[PDB]
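Down below is the structure, laid out as structure tokens.
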Amino acid sequence: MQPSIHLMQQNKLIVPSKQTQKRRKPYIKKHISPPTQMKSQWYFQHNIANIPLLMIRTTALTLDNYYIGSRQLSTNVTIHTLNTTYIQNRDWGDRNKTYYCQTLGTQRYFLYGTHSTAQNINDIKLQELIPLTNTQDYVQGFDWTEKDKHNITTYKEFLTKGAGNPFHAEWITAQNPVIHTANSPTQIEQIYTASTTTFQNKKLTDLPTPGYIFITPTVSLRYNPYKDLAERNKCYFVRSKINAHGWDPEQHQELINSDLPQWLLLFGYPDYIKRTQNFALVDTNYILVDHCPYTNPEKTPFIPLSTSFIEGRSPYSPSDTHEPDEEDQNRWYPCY
Amino acid sequence: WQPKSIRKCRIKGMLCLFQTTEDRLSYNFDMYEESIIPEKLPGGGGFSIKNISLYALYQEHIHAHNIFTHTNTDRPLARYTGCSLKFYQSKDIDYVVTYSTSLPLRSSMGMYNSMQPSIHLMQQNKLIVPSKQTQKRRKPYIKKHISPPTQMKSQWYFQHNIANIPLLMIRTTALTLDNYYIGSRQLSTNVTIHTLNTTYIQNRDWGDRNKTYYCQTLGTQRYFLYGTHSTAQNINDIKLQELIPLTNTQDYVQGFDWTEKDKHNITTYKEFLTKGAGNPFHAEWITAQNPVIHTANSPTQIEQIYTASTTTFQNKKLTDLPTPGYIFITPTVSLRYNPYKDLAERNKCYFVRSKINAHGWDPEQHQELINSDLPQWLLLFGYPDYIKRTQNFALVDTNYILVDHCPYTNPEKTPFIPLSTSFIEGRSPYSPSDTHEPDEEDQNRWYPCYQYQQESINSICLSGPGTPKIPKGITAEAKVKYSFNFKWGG
Amino acid sequence: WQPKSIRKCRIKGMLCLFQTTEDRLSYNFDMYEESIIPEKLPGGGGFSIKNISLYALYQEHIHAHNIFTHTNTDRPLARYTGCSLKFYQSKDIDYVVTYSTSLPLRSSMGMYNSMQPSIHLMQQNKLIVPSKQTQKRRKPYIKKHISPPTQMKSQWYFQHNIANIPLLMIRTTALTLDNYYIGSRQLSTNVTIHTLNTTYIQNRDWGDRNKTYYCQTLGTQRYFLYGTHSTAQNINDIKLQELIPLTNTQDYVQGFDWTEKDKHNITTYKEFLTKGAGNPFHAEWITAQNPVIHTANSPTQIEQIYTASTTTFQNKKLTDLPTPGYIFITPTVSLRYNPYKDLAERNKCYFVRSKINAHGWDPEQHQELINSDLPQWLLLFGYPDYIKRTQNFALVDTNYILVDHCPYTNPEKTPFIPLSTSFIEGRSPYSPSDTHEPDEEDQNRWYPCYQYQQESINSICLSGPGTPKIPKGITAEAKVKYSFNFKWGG
């Protein structure tokens, strides 16, 4: 149905716009025969009521700006994506359950935001970090120094109230430094239950497991349809409401596409899935994924992210509403 | 002796000829669509060279831009009959086309020079495509039948035997029949060209933290440029503490005075030269907005002086340097040029390496890569892209730079040397006004180099007749529909 | 621009298409006439692939099978016009023909599969030649004119420049339009196939006097087959002295009991295994006419036992071996198969090396040499000869063996493994009944190998539709007269 492949289809009909071309009569008229199965005999009411008589396929295009619009700075489209090398947990949307980016073996890993001005990773103080500990909540978090502001008496209240959104505008893009580690905040729980005021001498390296890496949640890929083909690229849906890792299909192997380049391959695929499979919620229940080796920055599996979600704004609100709307305050997680 | 089974087969698809813009007016498109163009950087080209081959058509079908009327599977025999081209009218730009079917179909230096639109119209057997704005036709396309190449006879051939042989070569470029000799807001034809001041900037070795930059070397003595904030017009009273030497390139750093010693943790003047170094090409020094003094100082002399005593500079004057000569010399000058006042009695252009510690602007690479007998606005057109496609130099964009000789400017220097306005005003290329500083990527490449010639040589081309002066920030498309007739067999 | 002197020249001669027989029904003839076929061994083939070239015609003239109307001496220029073929009717067999003149004329795996007569008739642009018995025509030959290859134009060429280029490719096979789905004495369609019992015979390393043969190796334990003459059905009371181990292959030896110690000058049980070894594939053990017991004995255990004491075996029982398990396992089983009950939902066939000490019947040589989606009676047809001509393996006949997978037999084993009736009944191939023992030459090759698959895979092909079931011991000829038109020049 994508227009550029649609024109190649035989027995087509183009309708030039009045701006593109001025015709003598502003309409194209044709006679269409009945379906070849339906003979020219008589039938009852409510016996041919639901039988289709004519099926119309239409799409929009522009014969003038075929390969490029006008203000289009370039063809060179930027695609935001989840950093799938470290964000592998598909279970979001729970106040009670903390969010771990990935689980290697039986150890969970977490992302921590900090405001440290020192580039060293070992001197960053444990008080300054702002753990995620949740999703679905567009909350930016705050430092341990803000203990008095939110009526905090213990670090448990800090994690319940001072939790920050990993996907928040100040952390999704890594505008502020964010550190991935194997901290397992239960370790900090034990440390401050032993003594919470002793954190003045607690350093980032004192955690039982080493590894403190600046890992951004999302990266901006650069892509180009003229440089992209279809030697192996593929796309499909995966559930977003399960506590399982990996981005492989587990739902329906009949709902995998492949042998077209990305700009064609994506076209109409979500709506097709909506109409054919009738999944639980489609929009809210799960998410779409693809595999494309033809981007400048490439990750075996990919994962779109609208610019609105990356810049911290509700969808389809261009610039005026800089914060997520009232309705989506309880759904701000990677979702269709 | 026709084969047993034949099947008529057509190939129908839309081919995007070029997407051009003001900042990308005179570059070859078809070598840029294969390569990824970074976002927020205008690309494309105002002219394209097409070598349509059967393997190229199959590759296009892989990208899903065309269809086959009948598949060629298990029919190795092939037979070519001819092609039909439908040139669609662009909405707001004008393009002319021409096609050839000779034996070699090898692009040459003369062909790319002749690709410039005003000389392209003079070429015989042309075809103009008026834009819808320029003229409203009955049918918004020009259709013609093109015979196969005259060498390729009408016999049968194998698959992957005529795969790479060209069947049709298309030459296209953009123009504007209305604003032929001038755009509209074009204040005048009177184009300004920034150039390196080649009378004193003669060293071609940039891009080294360790090695200082000397503008020129006469005999065995090196000369250096120093920036100062002195408010006195006298050249002898300017204090030695106030000067800000260059001592480096490739670093967009503006420098600071000796009075700022405490700010950057400076204990010796060596730390001053390592940290307080300034870019000679910086926006506050390239244009000579602030005074800059050329001399034969040889900063090792100042090294000796302050190793003797650094605090004694309160009584050290500019004239105390062992070698005299302190001249206000701007790094770059703005020439005024006019294509109607310029001819081709001796002008010439060529490339020279930018990564060697040698002086002079003469060619030393390839005497076969010199052009001459056309005026500048024609002579430059497509010349860089020609060099990219033909010679395959090391990096082209980064390895070296282009130079010309033109006696027809108001201010004239035997050899010249473009400089895009972006590089002169201290901004990354193709960023119009918002990003006033060089980007993150080019912080380690801010030296005179081909990635900073772009807009200047493009404007030199643009000043010539027939250039499509479109509004800034808009992109113009040009689509062509191709129908190749084939007959698979076997 | 015709040459100065031309001379019309024809080439007339008789070409023997194939001489087939029941035991040689589905092999390519034209690769066997070049090689010497030993006397008293039927040869030929039921189908032939012909690549008639000018050099081939000259070679035929060297053998004096044709004539030239006019000599080509001192006339290097050549011109081809066309060929006329006269297909003579065979006396008592039916053959169909087809011809192609494409560019490559390279035989493929699909072509040789499609060569089987019942699928060959379905091919378009065919030609049937009824036998004189089947039908009496007015003129006992079919004559047609065949155009030159469509790539070869009607221009002039040099000698030894078109010498090796094919001019005409002939595909032929034998059939019988009368007995299409069944012969005559054919008791039934219900063909019996002997096969190696692959559930326990899994070792592919045969043909070594020094190395003993183990049927299979589970983990690190080897299993062996033992023949005995015990008249008691109990498996635990069978005495250890009565067993006759294999301990070798490639030797058609039946073995003997420990009681025959004196006959062969045996002093120790090592001499018993060196001399009293028996062939597991021998006529009295392959079919399990005499009981044979599979076990995990590992004869080194018996070595230890008799080195401790050899005369104490009077009290040694079969159960005293360190590892239990004594199963009556026949080396080969007779499957029943039917082409009308067999399809192609998953069946497959391929070759595997027979001269390696490795287990399993999976392919490890070439995944490009697997066939599948045809029923067995088609799938096997011409496949060995195709492999001979295309891959040029080490020895084909002796180096390795063929295997298939077919779930459609009454008794079914994931992988299968033909075995000609001759090898199962202990006789040399192609010797019907007179020579009851393997010949002198094959005394040192009597192991499962391609030289013993012949009649079985041939019978599998024969069971299919359209096979010319001729009487045993008769040979059928098929002669074709070819007339090539040429024009020498110079």
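Each chain in the structure tokens gets a letter, A, B and so on, in the order shown; residues start at 1 in every chain, and ligands are counted from 1 in the order they appear.
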
Assign secondary structure with DSSP using the backbone only, and return the residues of stretch 53-223 of chain B in alpha helix (DSSP H) as a ChimeraX atom specification. /B:54-62,109-114,117-122

Kindly determine which residues of chain B lie within 6 Å of chain C, considering only C-alpha atoms, and give the answer as a count of residues only. 3

Compute the chain A side of the contact with chain B at 10 Å, counting only C-alpha atoms, and hand it back as JSON, numbers by chain. {"A": [4, 5, 7, 8, 9, 10, 19, 20, 21, 22, 23, 63, 64, 65, 66, 67, 68, 69, 70, 71, 72, 73, 74, 75, 76, 77, 78, 222, 223, 224, 225, 226, 227, 228, 229, 230, 231, 259, 260, 261, 262, 264, 295, 296]}

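Our summary of the geometry notes that atom CA of residue C:45 is positioned 21.7 Å from atom CA of residue C:371.
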
State, in Å with one decimal place, the distance from atom CA of residue B:120 to atom CA of residue B:81. 28.8 Å

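The residue that comes closest to residue A:155, out of A:45, A:136, A:62, A:195 and on the basis of only C-alpha atoms, is A:195.
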
In Å, how far is it from atom CA of residue A:11 to atom CA of residue B:141?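 A separation of 20.0 Å between them.
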
Excluding residue B:216 and any residue of its chain fewer than 5 positions from it, enumerate the residues within 10 Å of it, using only C-alpha atoms, and give them as an MDAnalysis selection string. chainID B and resid 198:204 221:224 296 358:360

Would you mind writing down, as a PDB file with N, CA and C atoms, in the first residue's frame, each residue of stretch 385-423 of chain B that DSSP on the backbone assigns to strand (DSSP E)?
```
ATOM      1  N   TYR B 400      43.623  17.489   1.555  1.00  0.00           N
ATOM      2  CA  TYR B 400      44.194  18.650   0.811  1.00  0.00           C
ATOM      3  C   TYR B 400      43.236  19.834   0.585  1.00  0.00           C
ATOM      4  N   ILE B 401      43.577  20.747  -0.343  1.00  0.00           N
ATOM      5  CA  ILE B 401      42.797  21.958  -0.645  1.00  0.00           C
ATOM      6  C   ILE B 401      42.904  22.332  -2.133  1.00  0.00           C
ATOM      7  N   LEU B 402      41.974  23.175  -2.591  1.00  0.00           N
ATOM      8  CA  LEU B 402      41.976  23.654  -3.997  1.00  0.00           C
ATOM      9  C   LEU B 402      42.521  25.086  -4.062  1.00  0.00           C
ATOM     10  N   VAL B 403      43.169  25.439  -5.171  1.00  0.00           N
ATOM     11  CA  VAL B 403      43.745  26.758  -5.424  1.00  0.00           C
ATOM     12  C   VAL B 403      43.442  27.164  -6.862  1.00  0.00           C
ATOM     13  N   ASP B 404      43.408  28.466  -7.128  1.00  0.00           N
ATOM     14  CA  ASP B 404      43.269  28.995  -8.481  1.00  0.00           C
ATOM     15  C   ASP B 404      44.154  30.225  -8.703  1.00  0.00           C
ATOM     16  N   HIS B 405      44.251  30.593  -9.979  1.00  0.00           N
ATOM     17  CA  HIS B 405      44.993  31.790 -10.417  1.00  0.00           C
ATOM     18  C   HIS B 405      44.000  32.606 -11.240  1.00  0.00           C
TER      19      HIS B 405
END
```
